[PDB]
Every structure is written in structure tokens, then in C-alpha cells.
Amino acid sequence: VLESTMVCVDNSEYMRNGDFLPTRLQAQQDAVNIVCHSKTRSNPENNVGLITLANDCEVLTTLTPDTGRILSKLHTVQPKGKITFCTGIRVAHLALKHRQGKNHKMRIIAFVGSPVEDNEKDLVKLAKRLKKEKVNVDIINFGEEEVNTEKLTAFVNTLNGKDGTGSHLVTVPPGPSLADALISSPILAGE
Amino acid sequence: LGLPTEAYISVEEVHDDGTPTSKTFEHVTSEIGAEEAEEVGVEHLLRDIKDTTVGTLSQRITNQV
Amino acid sequence: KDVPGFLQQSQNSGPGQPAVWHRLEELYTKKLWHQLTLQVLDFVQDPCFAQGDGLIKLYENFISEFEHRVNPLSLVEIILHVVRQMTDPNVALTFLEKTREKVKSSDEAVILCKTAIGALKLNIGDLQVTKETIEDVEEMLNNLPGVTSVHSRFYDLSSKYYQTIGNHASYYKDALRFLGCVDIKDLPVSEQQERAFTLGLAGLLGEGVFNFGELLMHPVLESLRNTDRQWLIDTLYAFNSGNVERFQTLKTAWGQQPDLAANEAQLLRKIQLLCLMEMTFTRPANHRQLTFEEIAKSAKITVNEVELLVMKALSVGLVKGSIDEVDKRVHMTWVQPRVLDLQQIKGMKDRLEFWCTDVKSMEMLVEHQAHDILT
């Protein structure tokens, strides 16, 4: 299936936390490695881009079939500042809209393990906008299993509506590297 | 009543009133100029619009107004 | 291990705060490696640590634990408070040097550490080394971006250093920049009051500080409004709006300040210069010829010294013009731009409207008269 996806990665000050071996930064690097490998093993016409969610809410690499560029760019990353994630998702959606392959299904996957201090009203508003503009999102959460998990579940449900199955959430409690859960998650399972 | 291009260059503004220095856009004199071939092409395009039988004095008075 | 033993024994042996002791131990066991920085910040800025080395031992053990996995900046300010604790400044200076070595990182950490070292050695007494470290700190800071929440400490250090030297102009500049960087609300009312008073004094004594509308409009110059220290704001108004008469009227007031006692002659010349500026600005653009008698009356000087005063004004560059001493007239053509009030802005707007009407009138005249040839 033709898929144009971007990985939003939260790189806040909290991503020097060591709850995932060795540190959340390396766990995130492994997670993006495996997810991008899955994307490549899927329809090769599928393309992947990278967004970093921080005080700057920047876009590292736009849509590109190659993977070494994304891996190097994400390796050249350090944790600083706080996450916004509203900018993050909006900028990601703009990148989706401005993709060379219109036939590619729109996809955003966000690693957002962090405290999301955004009001649920704007969360649901953004969810409704995304779903009505036909972009599905598969959010991944780790670390804070309670602070924001309720908000993320509500966001995913708001995207879902009644049958919008494209929206998904995956929350993983602390443990080993964030690899086994991502492999045995519904997201990559459906790939 | 003006050119279509407005040129700016970012520059740090060290305020004298102690306010924090912030990047700001600074204007730079911009004008339209043409290579030989660009001038030839644009003159061909404007062959029937541009008026050249005006005279230097008339053109300068038009410039004054 | 040693750290588990220390934490579990000091949970009760340690003086006070069992709750945050338990929180720290739970966070360390969870190995999150965050929110413990914030907990230690709160537990270090909480009271009863002054007068004892409990903070020092806490810091030592906690850095021996996790000196590496700490936000450089956070480590730096917790070390700043640790050094606020403890004394015998040789050990403190060596400790700050080791801190900087530990925390070579984003220049905010290093710059704050260097500010701490400069403050420590300035309090010690040595001044040349403070000068060089301040120079290096400013040079490194210039490379940084803008709002970062780290410039305030350096700006305060530079203000204190220049105040200690007596370089009132530089102290004025640096303190005013500090005020701009920091927020008024965070500052207590007492600190705002004292800082505003000292900044006003620096403005008065500044060798090259001739602009005072900006000060009078600065928000921090409002804690002195209903204040006994006020006595500085009335003088500041009388001093900006050149009025030597009101300056001597408040001489009985501002004379008390010891710093403003040996600088009366300096302040006298400064006010006479501002008076020349003010009278020139008040006079229109056509009849801007000043007579020696007028300037002498305005500035309470004599016609034999108004000449030197005017040359000094021209040299410092506040005004532009020439002097005809045969007729004792000071021709003027430009004065330093001055702050304007709303009424003055409105009057300038009316003048601009007149200018625009004239321009439009001649545009129409030229167009109509040359309509035939005009293209």
C-alpha cells in the first residue's frame, strides 16, 4: 500500500531519562530504526519523513524513500526544551498535504512520551480537523503512563469517531528498549 | 507608485533602551535590472505597450511628477 | 550500596522533610532520571538550609550519584545555591572551576558558572581578574541567541562590578539591560525600589547618559511614585526637563545622598547642558537663534561661561550649530532627538498634514500644467 508517513519524535528534556535501556533517546532511535525498516519492507514507493517536537517544533527530513538520511539526522539530535505537539501535528499535516505522491495514504506516527500540557478542547479540535482531512495517526506513548495517557486515548477516540479505525494509540510502561512492544503492536502487526 | 520588490536583510537590533536584542528585518535598496538578453526579451514583450516617442524632457518631467 | 544506605538512614536521621526524602528515594529507585532535578531544586531552595552544611553534604552525595545525567543548566544553578552555602572562598573557587570542567556544555551552563566565579572573586576583593572574566563572559554571551533566562545573572554581575568601580555610565547601561531582561513581577517590591533608585543615580552620574525620557517612561521607575526614596523621581523630572531652578530647589533634597555630593559640579554642568538642549528644542525651527543673555538666564550661568558650555555641547554632539560671539548669538540647527508626548505627536501630525497638502497641491499643478506632454 502506498504510504506517505512522518515520524514525530519528542526530544524534550525528559529524553535523558533512563527508564528504557539505555536512555529514552537511544530507545527512540531504535524505535525509529525499526519502524522505518518496516516502512521500507512495505511497498518501497512508501516514503518517510522526520519531525522533531521541541521548543522549535522543527522538521528534520521531509518525505524521502531512503532511510540512511533519516537515521543520520535523528542520530544528530539532542534533548532540549519542552514539547508543544499542537504545532507538531499541524506542521506534520502540512507536510502530508505537500507530498509529491497524492495517492499515498497520509500517515503521522508520533512518539510523544512526555507531559502534554495542551487543553483537551484544542486536542479534540485538532483531532477532528485531522480526521475530516483524512489523515490517520498512530500515537506511541511511554514514560508517563498516567499524566497524558487519558488525553491521548481521548484524542484517538475523537479521531476514531464511530468507525475511523485509522487512529490508534499504543502506550508502553517502562522496561527494556522500546522494541518488543513496537514489534508486537497492532500498528506494525497490520503492516 | 512603487517598485514590486521590497528587499530586507535580517540584522540583530541592539536596543539602546536595554530591551533584549532580537533579530529584525532591515531594508536594502532594491531595483529592477536586466542582462542584455533579459532586456532584449522584455523590450520585445513590451514592444507595443512601452512608449519611446516621448522625448528626454517629457520623460524627465514624468519622472518628476 | 552507599547511596541507598545514606538515603534510607537520612530519611529519618536527616533534619526534616521525610516526604521529599521518600520522593527522592522512590524516583532514584524508579531510575526515571527526571523530576528528581526539579525535586532537588525545590528541596535546595526550601528553607532551613542556611547556617549549615546539610546542603553541602546533600549536594556531594547526589552529584556522586548522578552528576552525569543532569541538565547542565540545572546542575549549574543547584551548584550556585550550594556555593551560596558554605564559605572559605578558596574552596568555593576551586569547586566552581571543577564545576565548569564538569559542565563544558551549551554555553549557558559555562556562562552562569563564570558569572558565579566572577561574583565570588569580586566579593573576595580582586578586581582585575573580575574584569577579564567579565570580558570573556560577555564575549561568549554575544554568540548566544536572545531570550534564554541566563543573561540576568551576568547583567547583575556587570552592574555590581561597574558600581564598585564607580563607572556610572557602564553600570547604568548594564543595570538597565538587566531590568529589560528580567521581569518586574518576579522582583520583590523592595528590590525594584532599590534598583530603580540606584539606576536613577547612575543616570544622573552618567558621563554620556543624556537621555532621560526613556528612564522616566521605564516601568520600573514607578515603585518610587508614592515613596520616601521618591525625591529621586521629582529630581529626575526636573533634571530631564532642563530646569536648573528646580534643580537648586531640590538641592536641599538630593544633597543628602553621599554619592551625589562630590558630583554636584558634574551634575550642575550636566543640567545646564540639558537646559541648553531643552530651550533649543522648545524654540521653533526658524527663530532658533539663542542669545548669550537668554542662555545665561536659563542656566544660571554668566555670559562668559555660556560660550564654553555651548562649545562643550557641540563637542559632546548633543546639538549642532555655530557661535557668533560678536553679536553673542548661538545659531543652532539640530538637537538630540527627544521623547515626545501624545500632544506633541498630534502637533507633528498636523505639521505632516500641512506638508502633505502642499505636496499634493504641486503634484496636481505639475500634472495639469504639463498634461499635454506628460506621459
# chains A, B, ... in the order shown; residues from 1 in each chain; ligands from 1
$ interface_residues --of "chain A" --to "chain C" --cutoff "8 Å" --atoms "only C-alpha atoms" --output "JSON list (two decimals) with N, CA and C atoms, in the first residue's frame"
[["chain", "number", "residue", "atom", "x", "y", "z"],
["A", 13, "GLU", "N", 13.50, 17.68, 27.33],
["A", 13, "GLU", "CA", 14.49, 17.48, 28.37],
["A", 13, "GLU", "C", 14.33, 16.14, 29.06],
["A", 14, "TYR", "N", 13.14, 15.56, 29.03],
["A", 14, "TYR", "CA", 12.90, 14.30, 29.71],
["A", 14, "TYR", "C", 13.54, 13.12, 29.00],
["A", 16, "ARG", "N", 16.51, 12.37, 28.41],
["A", 16, "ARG", "CA", 17.68, 11.78, 29.04],
["A", 16, "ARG", "C", 17.29, 10.82, 30.16],
["A", 17, "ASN", "N", 16.00, 10.51, 30.28],
["A", 17, "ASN", "CA", 15.53, 9.54, 31.25],
["A", 17, "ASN", "C", 16.00, 8.14, 30.88],
["A", 18, "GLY", "N", 16.33, 7.35, 31.90],
["A", 18, "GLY", "CA", 16.89, 6.03, 31.68],
["A", 18, "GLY", "C", 15.95, 4.88, 31.99],
["A", 19, "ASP", "N", 14.64, 5.14, 31.96],
["A", 19, "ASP", "CA", 13.69, 4.06, 32.23],
["A", 19, "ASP", "C", 13.70, 3.01, 31.13]]
$ residues_around --residues "range 70-79 of chain A" --least-positions-apart "4" --cutoff "9 Å" --atoms "only C-alpha atoms" --output "ChimeraX atom specification"
/A:10-16,25-26,29,32-33,36,48-50,52,54,60-61,64,66
$ closest_atom_pairs --of "chain C" --to "chain B" --cutoff "8 Å" --atoms "only C-alpha atoms" --output "CSV"
residue,atom,partner,partner_atom,distance
C:146,CA,B:21,CA,6.2
C:147,CA,B:20,CA,7.1
C:173,CA,B:18,CA,7.1
C:174,CA,B:18,CA,7.9
C:176,CA,B:18,CA,5.5
C:177,CA,B:18,CA,4.0
C:178,CA,B:18,CA,7.5
C:179,CA,B:18,CA,7.6
C:180,CA,B:19,CA,4.8
C:181,CA,B:20,CA,6.0
C:214,CA,B:17,CA,6.9
C:363,CA,B:65,CA,6.2
C:366,CA,B:65,CA,6.7
C:367,CA,B:65,CA,6.8
C:373,CA,B:58,CA,5.9
C:374,CA,B:62,CA,5.7
C:375,CA,B:62,CA,6.2
$ write_last_selection --atoms "C-alpha atoms" --output "CSV table (one decimal), in the first residue's frame"
chain,number,residue,atom,x,y,z
C,146,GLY,CA,18.3,36.1,22.8
C,147,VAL,CA,15.7,35.3,25.4
C,173,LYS,CA,23.7,50.6,30.8
C,174,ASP,CA,24.2,47.1,32.3
C,176,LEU,CA,19.0,48.9,32.6
C,177,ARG,CA,19.7,45.9,30.3
C,178,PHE,CA,19.3,43.6,33.4
C,179,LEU,CA,16.0,45.3,34.1
C,180,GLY,CA,14.9,44.7,30.5
C,181,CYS,CA,15.9,41.1,30.6
C,214,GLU,CA,13.3,56.6,28.4
C,363,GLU,CA,1.5,67.3,-7.8
C,366,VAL,CA,2.5,69.9,-12.4
C,367,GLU,CA,0.2,67.3,-13.8
C,373,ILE,CA,3.5,66.4,-22.8
C,374,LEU,CA,3.2,64.4,-19.6
C,375,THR,CA,3.1,60.7,-20.3
$ residues_around --residues "residue 191 in chain A" --least-positions-apart "2" --cutoff "9 Å" --atoms "only C-alpha atoms" --output "list in words"
residues 38, 39, 42, 186, 187, 188 and 189 of chain A
$ residues_around --residues "range 169-171 of chain C" --least-positions-apart "4" --cutoff "8 Å" --atoms "only C-alpha atoms" --output "compact mmCIF listing (two decimals) with C-alpha atoms, in the first residue's frame"
# COMPACT_ATOMS: atom_id res chain seq x y z
CA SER C 158 28.40 43.55 35.47
CA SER C 159 26.16 46.11 37.17
CA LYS C 160 27.68 45.34 40.58
CA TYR C 161 31.21 45.36 39.16
CA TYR C 162 30.81 48.73 37.45
CA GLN C 163 29.10 50.16 40.54
CA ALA C 175 21.61 47.55 35.08
CA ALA C 202 23.58 56.05 37.63
CA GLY C 203 21.62 58.02 35.05
CA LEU C 205 26.05 60.49 37.15
CA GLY C 206 26.49 59.02 33.66
CA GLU C 207 29.26 60.73 31.71
CA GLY C 208 27.45 60.20 28.40
CA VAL C 209 23.89 59.45 29.60
$ select_by_dssp --residues "range 8-185 of chain A" --states "strand (DSSP E)" --output "MDAnalysis selection string"
chainID A and resid 8:10 47:53 58:64 105:111 136:142 168:172
$ write_last_selection --atoms "N, CA, C and O atoms" --output "short mmCIF file (atom, residue, chain, number, x, y, z; two decimals), in the first residue's frame"
data_model
loop_
_atom_site.label_atom_id
_atom_site.label_comp_id
_atom_site.auth_asym_id
_atom_site.auth_seq_id
_atom_site.Cartn_x
_atom_site.Cartn_y
_atom_site.Cartn_z
N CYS A 8 6.90 11.90 14.05
CA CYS A 8 7.13 12.96 15.01
C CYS A 8 7.79 12.35 16.23
O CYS A 8 7.30 11.36 16.78
N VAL A 9 8.93 12.91 16.63
CA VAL A 9 9.70 12.40 17.75
C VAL A 9 9.79 13.50 18.79
O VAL A 9 10.28 14.60 18.50
N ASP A 10 9.30 13.22 20.00
CA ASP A 10 9.51 14.14 21.11
C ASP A 10 10.92 13.98 21.66
O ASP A 10 11.36 12.88 21.99
N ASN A 47 7.12 6.40 1.47
CA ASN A 47 8.16 7.35 1.85
C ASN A 47 7.93 7.86 3.26
O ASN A 47 6.80 7.90 3.76
N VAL A 48 9.04 8.23 3.91
CA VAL A 48 9.07 8.52 5.34
C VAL A 48 9.81 9.84 5.57
O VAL A 48 10.82 10.11 4.92
N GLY A 49 9.29 10.64 6.50
CA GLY A 49 9.94 11.87 6.90
C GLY A 49 10.03 11.97 8.41
O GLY A 49 9.44 11.17 9.14
N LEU A 50 10.78 12.97 8.88
CA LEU A 50 11.09 13.11 10.30
C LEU A 50 10.78 14.52 10.78
O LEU A 50 11.22 15.50 10.17
N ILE A 51 10.06 14.61 11.89
CA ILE A 51 9.78 15.87 12.57
C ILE A 51 10.22 15.74 14.02
O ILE A 51 10.02 14.69 14.64
N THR A 52 10.84 16.79 14.55
CA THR A 52 11.25 16.83 15.95
C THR A 52 10.36 17.82 16.69
O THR A 52 10.17 18.96 16.24
N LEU A 53 9.82 17.37 17.82
CA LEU A 53 8.90 18.17 18.63
C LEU A 53 9.66 18.72 19.83
O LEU A 53 9.98 17.98 20.76
N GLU A 58 10.49 21.53 14.86
CA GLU A 58 11.15 21.63 13.57
C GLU A 58 10.92 20.36 12.76
O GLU A 58 10.47 19.33 13.27
N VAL A 59 11.23 20.44 11.47
CA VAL A 59 11.16 19.31 10.55
C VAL A 59 12.58 19.00 10.10
O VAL A 59 13.26 19.86 9.53
N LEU A 60 13.05 17.78 10.38
CA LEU A 60 14.43 17.44 10.07
C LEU A 60 14.59 17.03 8.61
O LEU A 60 15.32 17.66 7.85
N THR A 61 13.90 15.96 8.21
CA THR A 61 13.96 15.45 6.85
C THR A 61 12.54 15.28 6.33
O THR A 61 11.70 14.65 7.00
N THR A 62 12.27 15.82 5.15
CA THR A 62 10.95 15.71 4.54
C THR A 62 10.80 14.32 3.94
O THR A 62 11.62 13.42 4.17
N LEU A 63 9.74 14.12 3.16
CA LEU A 63 9.46 12.80 2.62
C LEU A 63 10.64 12.33 1.77
O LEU A 63 11.13 13.06 0.91
N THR A 64 11.08 11.10 2.01
CA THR A 64 12.19 10.54 1.26
C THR A 64 12.20 9.02 1.37
O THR A 64 12.13 8.48 2.49
N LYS A 105 -1.35 7.25 0.96
CA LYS A 105 -2.17 7.46 2.14
C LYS A 105 -1.39 8.26 3.17
O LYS A 105 -0.20 8.01 3.40
N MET A 106 -2.07 9.22 3.78
CA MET A 106 -1.43 10.15 4.70
C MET A 106 -1.22 9.46 6.05
O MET A 106 -2.12 8.79 6.55
N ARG A 107 -0.03 9.63 6.64
CA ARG A 107 0.24 8.96 7.90
C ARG A 107 1.16 9.79 8.78
O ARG A 107 2.20 10.28 8.33
N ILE A 108 0.79 9.91 10.05
CA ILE A 108 1.63 10.51 11.08
C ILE A 108 1.73 9.52 12.23
O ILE A 108 0.71 9.03 12.71
N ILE A 109 2.95 9.22 12.66
CA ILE A 109 3.17 8.41 13.84
C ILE A 109 4.01 9.23 14.81
O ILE A 109 5.09 9.70 14.45
N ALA A 110 3.50 9.42 16.03
CA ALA A 110 4.08 10.35 16.98
C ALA A 110 4.51 9.61 18.24
O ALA A 110 3.68 9.03 18.93
N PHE A 111 5.81 9.64 18.52
CA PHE A 111 6.33 9.25 19.82
C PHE A 111 6.27 10.47 20.73
O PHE A 111 7.01 11.44 20.53
N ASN A 136 -4.76 9.63 9.20
CA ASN A 136 -4.77 8.76 10.36
C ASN A 136 -3.46 8.89 11.13
O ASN A 136 -2.40 9.12 10.54
N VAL A 137 -3.55 8.76 12.45
CA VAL A 137 -2.40 8.93 13.33
C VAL A 137 -2.32 7.74 14.28
O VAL A 137 -3.33 7.28 14.81
N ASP A 138 -1.10 7.25 14.49
CA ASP A 138 -0.82 6.13 15.38
C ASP A 138 0.14 6.64 16.44
O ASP A 138 1.36 6.64 16.24
N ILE A 139 -0.40 7.06 17.58
CA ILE A 139 0.40 7.70 18.62
C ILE A 139 1.05 6.63 19.48
O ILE A 139 0.45 5.58 19.77
N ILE A 140 2.29 6.89 19.89
CA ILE A 140 3.05 6.00 20.76
C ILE A 140 3.45 6.79 21.99
O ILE A 140 4.03 7.88 21.88
N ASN A 141 3.15 6.25 23.17
CA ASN A 141 3.42 6.90 24.44
C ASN A 141 4.24 5.97 25.32
O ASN A 141 4.05 4.75 25.32
N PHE A 142 5.17 6.57 26.07
CA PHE A 142 5.99 5.83 27.01
C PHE A 142 6.49 6.79 28.08
O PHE A 142 6.56 8.00 27.86
N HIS A 168 -5.02 5.30 16.15
CA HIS A 168 -4.63 4.29 17.13
C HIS A 168 -3.71 4.89 18.18
O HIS A 168 -3.03 5.90 17.95
N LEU A 169 -3.68 4.24 19.34
CA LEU A 169 -2.78 4.59 20.43
C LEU A 169 -2.07 3.33 20.92
O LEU A 169 -2.64 2.24 20.91
N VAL A 170 -0.82 3.50 21.35
CA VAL A 170 -0.04 2.41 21.92
C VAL A 170 0.79 3.00 23.06
O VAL A 170 1.73 3.76 22.82
N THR A 171 0.45 2.65 24.30
CA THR A 171 1.17 3.10 25.48
C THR A 171 1.94 1.93 26.07
O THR A 171 1.37 0.86 26.29
N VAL A 172 3.23 2.14 26.33
CA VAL A 172 4.11 1.09 26.82
C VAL A 172 4.69 1.54 28.16
O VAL A 172 5.31 2.61 28.24
#
$ atom_distance --atom1 "CA of residue 66 in chain C" --atom2 "CA of residue 36 in chain C"
10.3 Å
$ residues_around --residues "range 151-154 of chain A" --least-positions-apart "3" --cutoff "8 Å" --atoms "only C-alpha atoms" --output "list in words"
residues 120, 124, 139, 148, 157, 158 and 169 of chain A
$ select_by_dssp --residues "range 3-191 of chain A" --states "helix (DSSP H, G or I)" --output "PyMOL selection string"
chain A and resi 13-16+24-41+68-75+86-97+120-132+149-160+180-183+186-189
$ residues_around --residues "range 336-348 of chain C" --least-positions-apart "3" --cutoff "10 Å" --atoms "only C-alpha atoms" --output "ChimeraX atom specification"
/C:210-214,217,277-278,281,317-320,351-354
$ residues_around --residues "residue 134 in chain A" --least-positions-apart "4" --cutoff "12 Å" --atoms "only C-alpha atoms" --output "PyMOL selection string"
chain A and resi 93+96-97+104-108+127-130+159-160+164-167
$ decode --residues "range 64-153 of chain A" --atoms "C-alpha atoms" --output "CSV table (one decimal), in the first residue's frame"
chain,number,residue,atom,x,y,z
A,64,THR,CA,12.2,10.5,1.3
A,65,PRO,CA,12.3,6.8,0.4
A,66,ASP,CA,15.8,6.5,1.7
A,67,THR,CA,16.5,5.7,5.3
A,68,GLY,CA,20.1,6.4,6.0
A,69,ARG,CA,19.4,10.1,5.8
A,70,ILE,CA,16.7,9.9,8.4
A,71,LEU,CA,18.8,7.7,10.7
A,72,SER,CA,21.8,10.1,10.5
A,73,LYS,CA,19.6,13.2,11.1
A,74,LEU,CA,17.9,11.6,14.1
A,75,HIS,CA,21.3,10.5,15.5
A,76,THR,CA,22.4,14.1,15.2
A,77,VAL,CA,19.7,15.1,17.8
A,78,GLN,CA,19.9,16.1,21.5
A,79,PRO,CA,17.2,16.5,24.1
A,80,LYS,CA,16.2,20.1,24.8
A,81,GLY,CA,13.2,22.2,25.8
A,82,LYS,CA,9.6,21.2,26.1
A,83,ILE,CA,7.1,19.7,23.6
A,84,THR,CA,4.2,21.6,22.0
A,85,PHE,CA,2.8,18.8,19.9
A,86,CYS,CA,-0.1,21.0,18.6
A,87,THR,CA,2.3,22.8,16.3
A,88,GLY,CA,3.9,19.4,15.8
A,89,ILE,CA,0.8,17.7,14.5
A,90,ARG,CA,-0.2,20.8,12.4
A,91,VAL,CA,3.2,21.1,10.7
A,92,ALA,CA,3.2,17.3,10.2
A,93,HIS,CA,-0.2,17.6,8.5
A,94,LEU,CA,1.1,20.4,6.3
A,95,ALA,CA,4.0,18.2,5.3
A,96,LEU,CA,1.5,15.5,4.5
A,97,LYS,CA,-0.5,17.8,2.3
A,98,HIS,CA,2.7,19.0,0.5
A,99,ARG,CA,3.8,15.5,-0.6
A,100,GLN,CA,4.7,14.6,-4.1
A,101,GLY,CA,2.6,11.5,-4.1
A,102,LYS,CA,-1.0,12.5,-3.7
A,103,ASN,CA,-2.1,8.8,-4.0
A,104,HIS,CA,0.0,8.0,-0.9
A,105,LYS,CA,-2.2,7.5,2.1
A,106,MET,CA,-1.4,10.2,4.7
A,107,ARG,CA,0.2,9.0,7.9
A,108,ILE,CA,1.6,10.5,11.1
A,109,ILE,CA,3.2,8.4,13.8
A,110,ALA,CA,4.1,10.4,17.0
A,111,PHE,CA,6.3,9.2,19.8
A,112,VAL,CA,5.0,11.6,22.5
A,113,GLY,CA,6.0,10.1,25.8
A,114,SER,CA,6.0,13.3,27.8
A,115,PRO,CA,3.6,15.6,29.7
A,116,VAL,CA,1.3,17.1,27.1
A,117,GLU,CA,0.1,20.4,28.7
A,118,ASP,CA,-2.4,21.2,25.9
A,119,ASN,CA,-6.1,21.7,26.7
A,120,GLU,CA,-8.3,18.8,25.7
A,121,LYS,CA,-10.6,21.1,23.8
A,122,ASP,CA,-7.9,22.0,21.4
A,123,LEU,CA,-6.7,18.4,21.3
A,124,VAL,CA,-10.1,17.3,20.2
A,125,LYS,CA,-10.4,20.2,17.7
A,126,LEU,CA,-7.1,19.2,16.1
A,127,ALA,CA,-8.2,15.5,16.1
A,128,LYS,CA,-11.5,16.4,14.3
A,129,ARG,CA,-9.6,18.6,11.8
A,130,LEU,CA,-7.1,15.7,11.1
A,131,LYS,CA,-9.9,13.1,10.7
A,132,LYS,CA,-12.0,15.3,8.4
A,133,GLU,CA,-9.0,16.0,6.3
A,134,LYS,CA,-8.4,12.2,6.2
A,135,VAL,CA,-5.1,11.7,8.0
A,136,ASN,CA,-4.8,8.8,10.4
A,137,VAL,CA,-2.4,8.9,13.3
A,138,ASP,CA,-0.8,6.1,15.4
A,139,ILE,CA,0.4,7.7,18.6
A,140,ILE,CA,3.0,6.0,20.8
A,141,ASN,CA,3.4,6.9,24.4
A,142,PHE,CA,6.0,5.8,27.0
A,143,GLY,CA,7.2,7.1,30.4
A,144,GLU,CA,4.2,8.9,31.8
A,145,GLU,CA,1.6,6.2,31.8
A,146,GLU,CA,-0.9,8.3,33.7
A,147,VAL,CA,-0.3,12.1,33.2
A,148,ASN,CA,-1.2,12.2,29.5
A,149,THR,CA,-2.5,8.7,28.6
A,150,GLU,CA,-6.1,9.7,29.2
A,151,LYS,CA,-5.7,12.7,27.0
A,152,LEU,CA,-4.1,10.6,24.2
A,153,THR,CA,-6.9,8.0,24.5
